[PDB]
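Enquirer: My sequence and its experimental structure, below.
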Amino acid sequence: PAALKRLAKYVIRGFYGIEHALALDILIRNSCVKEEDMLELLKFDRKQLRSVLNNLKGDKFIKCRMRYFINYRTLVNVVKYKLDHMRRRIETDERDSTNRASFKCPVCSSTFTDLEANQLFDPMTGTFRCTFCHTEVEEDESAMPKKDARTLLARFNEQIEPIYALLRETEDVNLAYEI
Amino acid sequence: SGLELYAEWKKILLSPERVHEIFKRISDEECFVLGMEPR
Amino acid sequence: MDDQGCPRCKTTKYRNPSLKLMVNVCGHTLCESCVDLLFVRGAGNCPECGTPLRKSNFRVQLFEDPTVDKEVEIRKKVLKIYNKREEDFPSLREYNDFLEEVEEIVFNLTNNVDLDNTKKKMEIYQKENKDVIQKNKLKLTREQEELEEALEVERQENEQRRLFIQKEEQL
Amino acid sequence: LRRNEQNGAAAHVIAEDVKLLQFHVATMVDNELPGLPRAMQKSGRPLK
Amino acid sequence: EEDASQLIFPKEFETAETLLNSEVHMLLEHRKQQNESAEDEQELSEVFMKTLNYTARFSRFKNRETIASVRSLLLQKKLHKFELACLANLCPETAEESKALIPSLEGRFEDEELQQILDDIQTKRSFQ
Amino acid sequence: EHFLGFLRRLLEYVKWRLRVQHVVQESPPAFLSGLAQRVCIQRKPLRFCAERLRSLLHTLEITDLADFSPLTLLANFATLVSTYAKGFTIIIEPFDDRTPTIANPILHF
Amino acid sequence: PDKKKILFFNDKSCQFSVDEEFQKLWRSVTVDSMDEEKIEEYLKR
Amino acid sequence: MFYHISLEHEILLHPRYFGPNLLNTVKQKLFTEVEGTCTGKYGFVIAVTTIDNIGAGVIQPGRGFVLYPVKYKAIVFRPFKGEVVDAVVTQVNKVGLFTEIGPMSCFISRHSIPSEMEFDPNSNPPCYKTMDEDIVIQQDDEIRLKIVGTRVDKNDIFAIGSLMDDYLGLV
Ligand SMILES: [Zn+2]
Ligand SMILES: [Zn+2]
């Protein structure tokens, strides 16, 4: 369980905030953890401590035992679950279906496909003319900006992907070990 | 109760997302035999 | 199946040990997920060194060195020609020097100028595509056929040995 | 609510505003259900 | 999604018997032979001659029996009938071209087989 | 350089042959034909692999030969595959007896 | 707590915020629903 | 692909056509608004040759008209993606090559044209040619192209092609 303790030192570092992390530090020792002791030791607000505990309960990071005295032990499957969710976002938002360079008319900010301006394509000018106004078309640009969001995300998602892939290899080294 | 539903065997109050994910897994034959046509 | 991991769309080799890698003209790496993710975004643009892929040249094999893939494919395309056996030469030193010339041509097509190599290929390929290259294509086809026949003869003999000892026991 | 759980709120304002959303969306469709204190805008006008 | 490279036709194309540029060309004058008789009729459409002026400038074969045989040529072959019409209006001359023209016939027969039909085509096609 | 390529080819083919997840018995000419068809290694350069690795390993002044115990083994294995037939037997085992939950594919010439 | 009490502690300087961590957390839709691990393994297969 | 398929249609007759020669009046009215007006779901209606049967004319309540269902066999052209075809060039531009197959329009993007055939705006007819000028593809030239994608709008069909593939060019 020492490895899980170590993975825990990383995740608290990697994710939880000081208020959470200070409480999570106490969770380090899985020998005995009462509610009165943890309250007095942390000197956190009782309502607020109950909120954090309730939050940790939501993680299933703590298994309450009715000794009434209580005990709190690890039940969080979110680290691997969250890494899988990261892989799922990496795979859907980041991908761009096509170049999608539809003509767009700068005067009326109307959006066209390469197909839309093809019917418009004006053979006397060797270029593409907008529909109701003969002003020349432009790149898709702001219109239909799936790529504009994806291009920024594409790169943001790849950085997050190297960091999370390192975290996932550490998790597999722990998860494979315990079979 | 009012706009919420409780459940004791530990008296939880059910979430719409939870019961929604529960429903998301019923196959198309038991849902059919309980009446709800899946199409 | 446990290599460092796919470059572009890094998921395949780390999770699934059920893949194979395809090399390009410049010869680095591409998996099937790379193949499809690359074809939808250019179809013939190398992930790193941007080599100008002629007709989307890609070749799927199962090795984990790119120079190995390069040497295997080029070695096959060279040894389709240059088929003079030891039967075809008068002496032994000429045959061993001929195999060393084949190694020279493979290493020249690895990194050197491909012009003098192709002129040497023109001369030898013409002068021996007259007679010897097609003849040895025929002979290598005959030996492939007879090796497959001999392996099927071995397996018929093993099945007969199994079934005859079973019929010994039951009889 | 989008911005309030966009930043990780205290997970307690979220209960009393999820009940607000549940009430407001159960207010548009049917109001004459017993209990559920009625909503009003004008001069004591219950919602239609 | 609808690609003839992956051979996805709508299920309505089961009784979709096909033809090539010459059989189109044949009846196109018969419709003009319909405009000869049956008077007191208005002018023709635009697409009628637009296709007729196109597919009459280029033909794939010459006359009736040239095709009446080539359909009997592919008659005994183990073919999808979609296959015959694709190369009937291709006129290829090398077998790997035809398999570069078709993403689907690499693994059916010997290469020279369709080349022999390609030879059978270039033997019957009277070039000028 | 070419002999390192030669051992590279032989190593990758024996490694791919060992990947088979069922027990396979062969005679050594069947293994030589599988070699000489699918990774282009003929018979006489596969006989002389022991002489070549001993001369090479004498050449490059390298000191602690215990570090080079596997490759010599492989090279010596090559010699046997290219020498004897009809009396010997190449049997491939993907798994043995005492080897639960552990990949241990071995190769008895 | 702003006025009730405050605590001095050591959490270390090696803390990594990462990219869109809050946004990733707000997307744990399954929550307590079981069989998500079975789903996670199926997506990696 | 030129197909010879069977489909059906219905005609609304105005009550001033009843009486003798009622039936043939359905025929003339059939030819006009069925052929020479191509649609999007079935392809291109070129010409009809046979009309199988005319159903029973149902008098709809009010509004006078009587509807007779009809069944006919009409040759139809419907091109598919991935199809290889011979085309004629109608206009040459720097962004690409415009070709046309029958009534259908077709665009070839320049990136989908081999680099050997560079664009030449300098020639009075804009064209595509090899540097050696072995071939000079221009307007009204006959070429073979591969359909990369197809379109069907209201009555007009379009496709998009590539010359990069093997065995393409003048025919
Ligand atoms: Zn405009
Ligand atoms: Zn990949």
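Expert: Received it, and whenever you're ready, just let me know what you need. Residues are numbered from 1 along each chain as shown, chains lettered A, B, ... in the order given. Ligands and ions are numbered 1, 2, ... in the order given.

Enquirer: Need phi/psi at residue 27.
Expert: Since no chain was named, I'll use chain A. phi -60, psi -10 (degrees, to the nearest 10).

Enquirer: Hmm, residue E:93 is touching residue E:118, no?
Expert: Yes - using C-beta atoms under 8 Å, residue E:93 makes contact with residue E:118 at a distance of 6.1 Å. C-beta coordinates here come from the backbone N, C-alpha and C atoms, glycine included.

Enquirer: And the helices in the chain?
Expert: Reading this off chain A. A:2-14, A:18-26, A:35-42, A:46-59, A:78-92, A:114-120, A:146-177 (DSSP state H).

Enquirer: wait, chain H
Expert: Taking DSSP H to define them, one finds helices in chain H at H:22-32.

Enquirer: ok so, going back, out of residue E:93 and residue E:118, name the residue with the larger neighbour count.
Expert: Legend: neighbour count by other C-beta atoms under 10 Å in any protein chain shown for residue E:93 and residue E:118, higher for residue E:118 (20 against 13).

Enquirer: if I look at that one, how far off is chain C?
Expert: Plainly put, residue E:118 is 22 Å away from chain C if you go by C-beta to the nearest C-beta, to the nearest Å.

Enquirer: Please enumerate the strands of chain G.
Expert: Listed in chain order, chain G contains no strands at all (DSSP state E).

Enquirer: Have a look at it and report its longest helix.
Expert: For chain G, the helix with the greatest residue count under DSSP H is helix G:36-44.

Enquirer: rewinding a little: tell me which of the helices of chain A lies nearest to chain E.
Expert: Judged by C-beta to the nearest C-beta, the one of the helices of chain A that comes nearest to chain E is helix A:114-120, at 15.9 Å.

Enquirer: That closest one near ligand 1 anywhere?
Expert: No - Helix A:114-120 lies out of reach of ligand 1 by C-beta under 5 Å from the ion, never closer than 9.9 Å.

Enquirer: elements contacting that helix?
Expert: strand H:156-162 (3 or more C-beta pairs under 8 Å, 6 or more residues apart in numbering or on different chains; DSSP states H and E).

Enquirer: Buried residues, the strand it packs on. List them.
Expert: By neighbour count with 16 or more other C-beta atoms under 10 Å in any protein chain shown, strand H:156-162 contains the buried residues H:157-162.

Enquirer: swap in stretch A:105-121?
Expert: Buried positions in stretch A:105-121, judged by neighbour count with 16+ other C-beta under 10 Å: A:105, A:110-112, A:114-121.

Enquirer: Over to stretch H:9-25?
Expert: Neighbour counts over stretch H:9-25 (16+ other C-beta under 10 Å) mark H:11, H:13 as buried.

Enquirer: Likewise for stretch F:73-84?
Expert: Applying 16+ other C-beta under 10 Å to stretch F:73-84 flags F:75, F:77-79, F:81-82 as buried.

Enquirer: Most distant residue from the centre of chain D?
Expert: residue D:7 (21.6 Å; C-alpha atoms, centre = their mean).

Enquirer: now the nearest residue to that residue once chain neighbours are set aside: how far from ligand 1?
Expert: Leaving aside its chain neighbours, residue D:7 sits nearest to residue G:22 (6.2 Å; criterion: C-beta to C-beta, 6 or more residues apart in numbering or on different chains). In this view, residue G:22 and ligand 1 are 41 Å apart by C-beta to the ion, to the nearest Å.

Enquirer: Off-centre distance for the helix or strand hosting residue D:25?
Expert: Element membership for residue D:25 (DSSP states H and E) is helix D:13-29. Helix D:13-29 sits 3 Å away from the centroid of its parent chain (C-alpha atoms, centre = their mean, to the nearest Å).

Enquirer: Give me the residues contacting it.
Expert: Residues from elsewhere that reach helix D:13-29, judged by C-beta atoms under 8 Å, 6 or more residues apart in numbering or on different chains: B:3-4, D:1, D:4-5, D:33, D:36, D:39, D:47.

Enquirer: since we're on residue A:38, how many residues are nearby?
Expert: Neighbours of residue A:38 (other C-beta under 10 Å): 18.

Enquirer: For chain F, what is the nearest residue in chain E?
Expert: Here chain E gets closest to chain F at one residue, residue E:107, 20.2 Å apart by C-beta to the nearest C-beta.

Enquirer: Outline the domain layout of chain H.
Expert: What CATH domains of a matching chain lists as the domains of chain H is H:1-80, H:81-171.

Enquirer: and among those domains, the most buried is which?
Expert: domain H:81-171 (a mean of 18; mean count of other C-beta atoms under 10 Å in any protein chain shown).

Enquirer: That one near chain E at all?
Expert: Yes - contact of domain H:81-171 with chain E (C-beta under 8 Å from any C-beta of the partner chain) involves H:81-86, H:88, H:100-103, H:142, H:144, H:165-167, H:171.

Enquirer: Now find how far off-centre that domain is within its chain.
Expert: Distance, centroid of domain H:81-171 to centroid of chain: 17 Å (C-alpha atoms, centre = their mean).

Enquirer: Also stretch A:133-141?
Expert: Relative to its parent chain, stretch A:133-141 has a centroid offset of 37 Å by C-alpha atoms, centre = their mean.

Enquirer: what comes into contact with that stretch?
Expert: A:100-108, A:111-112, A:117, A:120, A:122, A:125, A:127-130, A:147-148.

Enquirer: Spatially central residue for the chain, please.
Expert: Unless you meant another one, I'm taking chain A. By C-alpha atoms, centre = their mean, the mean C-alpha position of chain A lies nearest to residue A:86, the distance being 5.3 Å.

Enquirer: ah, no, chain E please
Expert: residue E:20 (2.7 Å).

Enquirer: Would you confirm that that one contacts residue E:60?
Expert: Yes - using C-beta under 8 Å, residue E:20 makes contact with residue E:60 at a distance of 5.5 Å.

Enquirer: joint contacts of the two?
Expert: E:88-89.

Enquirer: Can you tell me which of the buried residues of stretch F:73-84 is nearest chain B?
Expert: For the buried residues of stretch F:73-84, the residue nearest chain B by C-beta to the nearest C-beta is residue F:77; the value is 54.8 Å.

Enquirer: Assess the claim that that closest one and residue F:90 are in contact.
Expert: No - with contact defined as C-beta under 8 Å, residue F:77 does not count as touching residue F:90 (9.8 Å).

Enquirer: Any chance you could list residues touching both of those two?
Expert: residue F:109.

Enquirer: Could you dump the domains of chain H into JSON lines with distance to residue B:11 added?
Expert: Compiled in JSON lines, the domains of chain H are given as follows (distance: least, C-beta to C-beta, whole Å):
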{"stretch": "domain H:1-80", "distance to residue B:11": "58"}
{"stretch": "domain H:81-171", "distance to residue B:11": "60"}
